[PDB]
Amino acid sequence: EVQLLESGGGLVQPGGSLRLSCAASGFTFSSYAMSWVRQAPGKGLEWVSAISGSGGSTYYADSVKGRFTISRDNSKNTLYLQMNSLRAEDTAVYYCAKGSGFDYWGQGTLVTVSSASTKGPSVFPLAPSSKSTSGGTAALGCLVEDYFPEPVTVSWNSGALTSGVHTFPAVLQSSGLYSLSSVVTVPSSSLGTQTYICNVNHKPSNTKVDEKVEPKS
Amino acid sequence: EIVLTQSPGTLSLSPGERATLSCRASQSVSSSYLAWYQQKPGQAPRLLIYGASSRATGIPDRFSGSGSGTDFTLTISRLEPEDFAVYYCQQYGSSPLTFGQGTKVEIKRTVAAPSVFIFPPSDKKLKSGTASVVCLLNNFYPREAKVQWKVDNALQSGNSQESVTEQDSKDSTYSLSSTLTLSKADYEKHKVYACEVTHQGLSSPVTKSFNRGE
Ligand code: NA
Ligand code: NA
Ligand code: NA
Ligand code: NA
Ligand code: NA
């Protein structure tokens, strides 16, 4: 069975170096050209680099030219990508891909280039009021900000409230920190009777926050 | 560099319907070295077609590729629920290898107007020195929605960010958050904060507003 297993991904600072590797099995490695393809969070596929079966010919996207080096060790069935002078824009999942018309892909390895240091979030309630009451339904939420790296998990009433919950994708701010919001719609008659708490967990920083969302007038 | 332009950006369809996806190249593609891929959320892409018209092993008959030179097409004869995903074209005949920007095939459903909600900055948020005004558009379809921020009736530009959820697995709708961001000092210079929403489901735009401090 054909297998491609990527490794070497993780947190790195701009200007820093990282070496990704891809261990191949299930085929004569030296008979195929290999590529690296990346995908920024929420974006499209971007081809990065390719190498011939022998390693005699290397190819690069203009965006990585002079900074990245693709190589292979045919005696070890391993493909490499030496990434130097890393930039925030190089943040992506990096896939190892086999051949011309990529029939096999690895599971990918996440690379996060950032000058930010690991930090837990700040949580701000989005209180229900007449301004967030549409008919007999009220909306309430929590703004989750200033954290790094992704992800945060948000639950409502320790997982007991799941109906009508919408947690938005994180947005990277100029600070290098992320922000998101989580909202929930509930019967307006439940306000002041049912307690609504958003539970924010940020495993990278070992932090957890509970925010009781109180109705306004 | 061969530029591949995929069209349309989004194809809104229902199971059983035919999907026609296009890929146009800025220059003729060398020996029809054109591939099509499908990608589902949290998964690596999967090869569907190689050499413009050859089906990859394990790919159902409903998927078919055609075209040559500058114009390529991926056809899904009768959509199955598992076919709602993102599709990319890629040329592999000349370096740099390039992908198209992708086409999303989305679940079509009936029009649903958004429910609109506005959230004034909390005191806790103001204490941090920032005023974030949030406008929530809930459970709407189609995705196309316009949010206009008005501060003392003056139309706002360049001071807001929008976030959208993926299509809901149960009701196939979207939800959108628009955040108006001002400094606390700037926020205190104005009185009326309004979010104006335009959408196919609404017979006229819906406004939600508040007066700062009320
Ligand atoms: Na990218
Ligand atoms: Na290098
Ligand atoms: Na080299
Ligand atoms: Na090499
Ligand atoms: Na076409």
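Counting neighbours? That spans all protein chains shown, and the Cβs are built from the backbone with ideal geometry, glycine included. Each answer follows from the model by the rule given with it, or from the source it names; nothing here is a laboratory result.
Under 7 Å between Cβ atoms, at least 6 apart or on separate chains: pull out the pairs that start in region A:63-82 with a residue that is on the phi > 0 side of the Ramachandran plot and end on any residue that is exposed (fewer than 15 other Cβ atoms within 10 Å of the Cβ).
From residues that are on the phi > 0 side of the Ramachandran plot, the pairs are A:77/A:25.
Taking the condition of being among the β-branched types (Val, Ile, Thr), in contact (Cβ under 8 Å) with a residue 60 or more places away in the chain and assigned to a strand (DSSP E or B), how many residues in region A:111-142 meet it?
Just the residues of region A:111-142 that are among the β-branched types (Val, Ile, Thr), to begin with: A:111-113, A:118, A:123, A:133, A:137.
The next check asks that each one be in contact (Cβ under 8 Å) with a residue 60 or more places away in the chain; those that pass are A:111-113, A:118, A:123.
Now narrow it down to the ones that are assigned to a strand (DSSP E or B): A:111-113, A:123.
The number of residues fulfilling the criteria is 4.
Residue-wise test of (1) away from ligand 2 (no atom under 16 Å from the Cβ); (2) buried (at least 20 other Cβ atoms within 10 Å of the Cβ); (3) within 14 Å of another protein chain (Cβ to nearest Cβ).
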position: A:89; (1), (2), (3): yes, no, no
position: A:92; (1), (2), (3): yes, yes, yes
position: A:96; (1), (2), (3): yes, yes, yes
position: A:99; (1), (2), (3): yes, no, yes
position: A:125; (1), (2), (3): yes, yes, yes
position: A:130; (1), (2), (3): yes, no, yes
position: A:134; (1), (2), (3): yes, no, yes
position: A:141; (1), (2), (3): yes, yes, yes
position: A:146; (1), (2), (3): yes, no, yes
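With the requirement that a residue be polar (S, T, N, Q) and either away from chain B (no Cβ under 14 Å) or within 13 Å of ligand 1 (Cβ to nearest atom) (or both), what does region A:55-71 give you? Quick ask: steps written out before the conclusion?
Of all residues in region A:55-71, those polar (S, T, N, Q) come to A:57-58, A:63, A:69, A:71.
Listed by number, the residues that qualify are A:63, A:69, A:71.
Working carefully through the options A:145, A:214, find the one that is within 18 Å of the chain's Cα centre (by Cα) and not in a helix (DSSP H, G or I).
Details: A:214 fails: within 18 Å of the chain's Cα centre (by Cα).
Residue meeting the stated conditions: A:145.
Return yes when residue B:35 is within 13 Å of ligand 5 (Cβ to nearest atom) and outside the structural domain of residue B:172 (by CATH) and no when it is not.
Numbers: within 13 Å of ligand 5 (Cβ to nearest atom): no; outside the structural domain of residue B:172 (by CATH): yes.
Considered against the rule, which asks whether it is within 13 Å of ligand 5 (Cβ to nearest atom) and outside the structural domain of residue B:172 (by CATH), residue B:35 comes out as no.
Yes/no matrix, rows are residues, columns are (1) away from ligand 5 (no atom under 16 Å from the Cβ); (2) touching a helix residue (DSSP H, G or I) at 6+ places or on another chain (Cβ under 6 Å); (3) closer than 30 Å to residue A:215 by Cα:
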site: A:76; (1), (2), (3): yes, no, no
site: A:89; (1), (2), (3): yes, no, no
site: A:99; (1), (2), (3): yes, no, no
site: A:104; (1), (2), (3): yes, no, no
site: A:113; (1), (2), (3): yes, yes, no
site: A:127; (1), (2), (3): yes, no, yes
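Please specify each residue of region A:22-71 satisfying the condition of being among the charged types (D, E, K, R) and assigned to a strand (DSSP E or B). Walk me through how you get there before you give the answer.
Residues of region A:22-71 among the charged types (D, E, K, R): A:38, A:43, A:46, A:62, A:65, A:67.
A:38, A:46, listed by residue number.
Which strands (runs of 3 or more DSSP E) sit wholly inside region B:143-214 and have at least 1 residues that are touching a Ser or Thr at 6+ places or on another chain (Cβ under 9 Å) and charged (D, E, K, R)? Spell out how you get there, then give the answer.
Values: elements: B:146-151, B:160-164, B:174-183, B:192-198, B:206-211.
Filter on region B:143-214 gives B:146-151, B:160-164, B:192-198, B:206-211.
Which of the following residues is under 20 Å from residue A:171 (Cβ atoms), touching a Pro at 6+ places or on another chain (Cβ under 9 Å), within 14 Å of another protein chain (Cβ to nearest Cβ) and of a type in the set (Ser, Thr, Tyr): B:160, B:178, B:132, B:128?
Working: B:160 fails: touching a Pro at 6+ places or on another chain (Cβ under 9 Å); B:178 fails: touching a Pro at 6+ places or on another chain (Cβ under 9 Å); B:128 fails: touching a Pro at 6+ places or on another chain (Cβ under 9 Å).
Of B:160, B:178, B:132, B:128, the one residue that is under 20 Å from residue A:171 (Cβ atoms), touching a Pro at 6+ places or on another chain (Cβ under 9 Å), within 14 Å of another protein chain (Cβ to nearest Cβ) and of a type in the set (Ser, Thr, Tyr) is B:132.
Filter region A:72-87 down to residues that are near ligand 2 (Cβ under 9 Å from one of its atoms) and assigned to a strand (DSSP E or B) and give me whichever is nearest to the other protein chains (Cβ to nearest Cβ). Spell out how you get there, then give the answer.
Quick first cut of region A:72-87, residues near ligand 2 (Cβ under 9 Å from one of its atoms) only: A:81-85.
Filter once more, keeping what is assigned to a strand (DSSP E or B): A:81-83.
Details: A:81: 15, A:82: 19, A:83: 17 Å.
The extreme case among them is A:81.
Give the residue that is nearest to residue B:141 (Cα to Cα), with candidates limited to residues of region B:77-99 that are at the interface with chain A (Cβ under 8 Å from one of its Cβ atoms), in a loop (DSSP other than H, G, I, E, B) and not aromatic (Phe, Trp, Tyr).
Once the filter is applied, the top-ranked residue is B:97.
Inside region A:88-105, can you point out the residues that are farther than 17 Å from residue B:35 by Cβ and assigned to a loop (DSSP other than H, G, I, E, B)?
Matches in region A:88-105: A:91 only.
Check A:174, A:163 and return the single one that is part of a loop (DSSP other than H, G, I, E, B), closer than 22 Å to residue A:92 by Cβ and within 14 Å of chain B (Cβ to nearest Cβ).
Working: A:163 fails: closer than 22 Å to residue A:92 by Cβ.
None of the others qualify; the one that does is A:174.
With respect to residue A:94, determine if the residue is of a type outside the set (A, V, I, L, M, F, W, C) and away from ligand 4 (no atom under 16 Å from the Cβ).
When the stated conditions are applied, residue A:94 passes them.
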